[PDB]
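Pasted below: protein-v7.cif, mmCIF, C-alpha atoms.
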data_input
loop_
_atom_site.group_PDB
_atom_site.id
_atom_site.type_symbol
_atom_site.label_atom_id
_atom_site.label_comp_id
_atom_site.auth_asym_id
_atom_site.auth_seq_id
_atom_site.Cartn_x
_atom_site.Cartn_y
_atom_site.Cartn_z
ATOM 1 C CA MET A 1 0.000 0.000 0.000
ATOM 2 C CA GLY A 2 3.188 2.113 0.131
ATOM 3 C CA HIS A 3 3.393 5.233 2.374
ATOM 4 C CA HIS A 4 6.220 7.839 1.917
ATOM 5 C CA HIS A 5 9.313 5.675 2.608
ATOM 6 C CA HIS A 6 8.197 2.349 1.045
ATOM 7 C CA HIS A 7 10.949 -0.332 1.174
ATOM 8 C CA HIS A 8 9.484 -2.202 4.169
ATOM 9 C CA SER A 9 8.278 -5.802 3.482
ATOM 10 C CA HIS A 10 10.881 -6.940 0.881
ATOM 11 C CA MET A 11 9.516 -10.492 1.428
ATOM 12 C CA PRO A 12 6.764 -11.305 -1.262
ATOM 13 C CA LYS A 13 4.108 -12.088 1.410
ATOM 14 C CA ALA A 14 0.555 -13.361 0.625
ATOM 15 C CA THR A 15 -0.605 -11.427 3.773
ATOM 16 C CA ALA A 16 0.191 -8.011 2.161
ATOM 17 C CA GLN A 17 -0.957 -8.873 -1.427
ATOM 18 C CA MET A 18 -4.245 -10.714 -0.515
ATOM 19 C CA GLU A 19 -5.327 -8.373 2.393
ATOM 20 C CA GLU A 20 -4.846 -5.338 0.050
ATOM 21 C CA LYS A 21 -6.825 -7.015 -2.797
ATOM 22 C CA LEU A 22 -9.566 -7.938 -0.251
ATOM 23 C CA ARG A 23 -9.815 -4.529 1.564
ATOM 24 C CA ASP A 24 -9.835 -2.504 -1.733
ATOM 25 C CA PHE A 25 -12.447 -4.970 -3.123
ATOM 26 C CA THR A 26 -14.805 -4.613 -0.091
ATOM 27 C CA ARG A 27 -14.121 -0.817 0.461
ATOM 28 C CA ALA A 28 -15.998 0.282 -2.725
ATOM 29 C CA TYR A 29 -19.589 -0.549 -1.458
ATOM 30 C CA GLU A 30 -22.100 -1.311 1.378
ATOM 31 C CA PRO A 31 -23.869 -4.623 2.567
ATOM 32 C CA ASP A 32 -27.394 -3.149 2.062
ATOM 33 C CA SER A 33 -26.597 -1.052 -1.080
ATOM 34 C CA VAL A 34 -25.272 -1.508 -4.691
ATOM 35 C CA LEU A 35 -28.491 -3.480 -5.199
ATOM 36 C CA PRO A 36 -30.251 -5.514 -2.403
ATOM 37 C CA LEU A 37 -30.803 -7.520 -5.674
ATOM 38 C CA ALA A 38 -33.936 -9.416 -4.449
ATOM 39 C CA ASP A 39 -35.309 -7.837 -1.226
ATOM 40 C CA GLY A 40 -34.963 -10.427 1.566
ATOM 41 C CA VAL A 41 -33.134 -13.496 0.093
ATOM 42 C CA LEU A 42 -30.404 -11.840 -2.094
ATOM 43 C CA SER A 43 -30.308 -8.870 0.337
ATOM 44 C CA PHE A 44 -29.124 -11.514 2.874
ATOM 45 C CA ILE A 45 -26.668 -12.967 0.256
ATOM 46 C CA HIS A 46 -25.335 -9.392 -0.547
ATOM 47 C CA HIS A 47 -24.826 -8.925 3.234
ATOM 48 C CA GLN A 48 -22.979 -12.285 3.096
ATOM 49 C CA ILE A 49 -20.625 -11.059 0.257
ATOM 50 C CA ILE A 50 -19.700 -7.843 2.135
ATOM 51 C CA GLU A 51 -19.733 -9.225 5.765
ATOM 52 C CA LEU A 52 -17.766 -12.453 4.988
ATOM 53 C CA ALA A 53 -15.349 -10.171 3.058
ATOM 54 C CA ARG A 54 -14.960 -7.702 6.037
ATOM 55 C CA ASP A 55 -14.884 -10.488 8.709
ATOM 56 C CA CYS A 56 -12.338 -12.747 6.889
ATOM 57 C CA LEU A 57 -10.297 -9.538 6.173
ATOM 58 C CA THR A 58 -10.158 -8.515 9.870
ATOM 59 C CA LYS A 59 -9.651 -12.213 10.939
ATOM 60 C CA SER A 60 -6.704 -12.493 8.451
ATOM 61 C CA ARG A 61 -5.180 -9.313 9.977
ATOM 62 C CA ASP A 62 -6.013 -10.791 13.456
ATOM 63 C CA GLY A 63 -4.617 -14.195 12.323
ATOM 64 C CA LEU A 64 -7.804 -16.035 13.520
ATOM 65 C CA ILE A 65 -8.056 -17.789 10.062
ATOM 66 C CA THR A 66 -7.423 -21.527 10.626
ATOM 67 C CA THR A 67 -7.502 -24.174 7.828
ATOM 68 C CA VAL A 68 -11.122 -24.991 9.009
ATOM 69 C CA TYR A 69 -12.075 -21.311 8.441
ATOM 70 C CA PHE A 70 -11.349 -21.578 4.668
ATOM 71 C CA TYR A 71 -13.301 -24.892 4.152
ATOM 72 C CA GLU A 72 -16.435 -23.523 5.896
ATOM 73 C CA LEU A 73 -16.060 -20.132 4.073
ATOM 74 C CA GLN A 74 -15.659 -21.709 0.561
ATOM 75 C CA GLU A 75 -18.548 -24.180 0.945
ATOM 76 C CA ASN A 76 -20.662 -21.288 2.407
ATOM 77 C CA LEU A 77 -19.825 -19.065 -0.661
ATOM 78 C CA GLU A 78 -20.750 -22.029 -2.931
ATOM 79 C CA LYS A 79 -23.915 -22.651 -0.826
ATOM 80 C CA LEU A 80 -24.875 -18.991 -1.555
ATOM 81 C CA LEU A 81 -23.655 -19.521 -5.179
ATOM 82 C CA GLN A 82 -26.330 -22.250 -5.617
ATOM 83 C CA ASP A 83 -28.799 -20.059 -3.571
ATOM 84 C CA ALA A 84 -28.091 -17.262 -6.129
ATOM 85 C CA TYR A 85 -28.480 -19.845 -8.959
ATOM 86 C CA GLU A 86 -31.775 -20.877 -7.205
ATOM 87 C CA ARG A 87 -32.717 -17.165 -7.595
ATOM 88 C CA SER A 88 -34.832 -17.862 -10.732
ATOM 89 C CA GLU A 89 -34.748 -14.229 -11.993
ATOM 90 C CA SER A 90 -31.017 -13.885 -12.878
ATOM 91 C CA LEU A 91 -29.690 -10.400 -13.826
ATOM 92 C CA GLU A 92 -28.667 -9.398 -10.272
ATOM 93 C CA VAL A 93 -26.925 -12.836 -9.973
ATOM 94 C CA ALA A 94 -24.062 -11.758 -12.359
ATOM 95 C CA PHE A 95 -22.839 -9.334 -9.611
ATOM 96 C CA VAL A 96 -23.232 -11.945 -6.794
ATOM 97 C CA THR A 97 -21.410 -14.774 -8.645
ATOM 98 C CA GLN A 98 -18.515 -12.634 -10.001
ATOM 99 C CA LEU A 99 -18.093 -11.041 -6.487
ATOM 100 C CA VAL A 100 -17.916 -14.284 -4.356
ATOM 101 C CA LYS A 101 -15.775 -15.870 -7.177
ATOM 102 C CA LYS A 102 -13.333 -12.875 -7.351
ATOM 103 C CA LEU A 103 -13.112 -12.952 -3.514
ATOM 104 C CA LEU A 104 -12.381 -16.740 -3.672
ATOM 105 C CA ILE A 105 -9.596 -15.956 -6.236
ATOM 106 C CA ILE A 106 -8.152 -13.136 -3.974
ATOM 107 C CA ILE A 107 -7.742 -15.556 -0.973
ATOM 108 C CA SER A 108 -5.908 -18.051 -3.311
ATOM 109 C CA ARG A 109 -7.165 -21.273 -4.977
ATOM 110 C CA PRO A 110 -8.970 -19.378 -7.912
ATOM 111 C CA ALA A 111 -12.574 -20.566 -8.616
ATOM 112 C CA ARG A 112 -14.128 -21.397 -12.056
#
Encoded form (structure tokens):
Amino acid sequence: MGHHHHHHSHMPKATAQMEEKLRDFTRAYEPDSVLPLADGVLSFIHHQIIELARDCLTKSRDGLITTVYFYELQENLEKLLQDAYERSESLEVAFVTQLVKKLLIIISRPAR
């Protein structure tokens, strides 16, 4: 992220790279806004995009992320992926899918 005198972490660390990708990703928007998509169900799933993003971000910085954390988080994103694919009216779903997918790519092991 730099600052004035940047020459600090001269170790290519996945902490720096990923946490920056993740924070800049999540920073741009709100849980309740940039479409509630479908009011109720996909409003919940939009909350899930932004709140799993913010929580996993702060838990990465905290170091709380275990190996278990990732398995639960991935299968929860893919749960909500199929919940968004169960959302019969798909226009809003392009955002949802590309967001949880891009997030899954940011935290390594890129999706499809």
Exercise for the section: Starting from the shown file, work through the PyMOL selection byres ((chain A and resi 44-53) around 10) and note down what comes out as a PyMOL selection string. Expected result: chain A and resi 22-23+25-27+29-43+54-59+73+76-77+80-81+83-84+95-97+99-100+103-104
Exercise for the section: Find the residues around residue 15 of chain A up to 12 Å (only C-alpha atoms counted), leave out those fewer than 2 positions away in its own chain, and share them as an MDAnalysis selection string. Expected result: chainID A and resid 9 11:13 17:23 57:63 65 106:108
Handout entry: Nearest candidate to residue 111 of chain A (options A:74, A:7, A:64, A:93; using all atoms listed in the file)
Key =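 For residue 111 of chain A, the nearest of the given residues is A:74.
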Exercise for the section: Rounded to one decimal place, report the atom CA of residue 105 of chain A-atom CA of residue 90 of chain A distance in Å. Expected result: 22.5 Å
Practice task
Could you check how far atom CA of residue 86 of chain A sits from atom CA of residue 101 of chain A, in Å to one decimal?
Solution key: 16.8 Å
Problem - Separation of atom CA of residue 94 of chain A from atom CA of residue 82 of chain A in Å - result: 12.7 Å
Atoms kept (C-alpha atoms) for segment 35-76 of chain A, as a PDB file, in the first residue's frame:
ATOM      1  CA  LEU A  35     -28.491  -3.480  -5.199  1.00  0.00           C
ATOM      2  CA  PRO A  36     -30.251  -5.514  -2.403  1.00  0.00           C
ATOM      3  CA  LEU A  37     -30.803  -7.520  -5.674  1.00  0.00           C
ATOM      4  CA  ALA A  38     -33.936  -9.416  -4.449  1.00  0.00           C
ATOM      5  CA  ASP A  39     -35.309  -7.837  -1.226  1.00  0.00           C
ATOM      6  CA  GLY A  40     -34.963 -10.427   1.566  1.00  0.00           C
ATOM      7  CA  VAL A  41     -33.134 -13.496   0.093  1.00  0.00           C
ATOM      8  CA  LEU A  42     -30.404 -11.840  -2.094  1.00  0.00           C
ATOM      9  CA  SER A  43     -30.308  -8.870   0.337  1.00  0.00           C
ATOM     10  CA  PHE A  44     -29.124 -11.514   2.874  1.00  0.00           C
ATOM     11  CA  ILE A  45     -26.668 -12.967   0.256  1.00  0.00           C
ATOM     12  CA  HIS A  46     -25.335  -9.392  -0.547  1.00  0.00           C
ATOM     13  CA  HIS A  47     -24.826  -8.925   3.234  1.00  0.00           C
ATOM     14  CA  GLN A  48     -22.979 -12.285   3.096  1.00  0.00           C
ATOM     15  CA  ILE A  49     -20.625 -11.059   0.257  1.00  0.00           C
ATOM     16  CA  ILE A  50     -19.700  -7.843   2.135  1.00  0.00           C
ATOM     17  CA  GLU A  51     -19.733  -9.225   5.765  1.00  0.00           C
ATOM     18  CA  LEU A  52     -17.766 -12.453   4.988  1.00  0.00           C
ATOM     19  CA  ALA A  53     -15.349 -10.171   3.058  1.00  0.00           C
ATOM     20  CA  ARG A  54     -14.960  -7.702   6.037  1.00  0.00           C
ATOM     21  CA  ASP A  55     -14.884 -10.488   8.709  1.00  0.00           C
ATOM     22  CA  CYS A  56     -12.338 -12.747   6.889  1.00  0.00           C
ATOM     23  CA  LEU A  57     -10.297  -9.538   6.173  1.00  0.00           C
ATOM     24  CA  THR A  58     -10.158  -8.515   9.870  1.00  0.00           C
ATOM     25  CA  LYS A  59      -9.651 -12.213  10.939  1.00  0.00           C
ATOM     26  CA  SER A  60      -6.704 -12.493   8.451  1.00  0.00           C
ATOM     27  CA  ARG A  61      -5.180  -9.313   9.977  1.00  0.00           C
ATOM     28  CA  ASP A  62      -6.013 -10.791  13.456  1.00  0.00           C
ATOM     29  CA  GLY A  63      -4.617 -14.195  12.323  1.00  0.00           C
ATOM     30  CA  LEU A  64      -7.804 -16.035  13.520  1.00  0.00           C
ATOM     31  CA  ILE A  65      -8.056 -17.789  10.062  1.00  0.00           C
ATOM     32  CA  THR A  66      -7.423 -21.527  10.626  1.00  0.00           C
ATOM     33  CA  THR A  67      -7.502 -24.174   7.828  1.00  0.00           C
ATOM     34  CA  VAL A  68     -11.122 -24.991   9.009  1.00  0.00           C
ATOM     35  CA  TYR A  69     -12.075 -21.311   8.441  1.00  0.00           C
ATOM     36  CA  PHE A  70     -11.349 -21.578   4.668  1.00  0.00           C
ATOM     37  CA  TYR A  71     -13.301 -24.892   4.152  1.00  0.00           C
ATOM     38  CA  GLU A  72     -16.435 -23.523   5.896  1.00  0.00           C
ATOM     39  CA  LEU A  73     -16.060 -20.132   4.073  1.00  0.00           C
ATOM     40  CA  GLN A  74     -15.659 -21.709   0.561  1.00  0.00           C
ATOM     41  CA  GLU A  75     -18.548 -24.180   0.945  1.00  0.00           C
ATOM     42  CA  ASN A  76     -20.662 -21.288   2.407  1.00  0.00           C
TER      43      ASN A  76
END
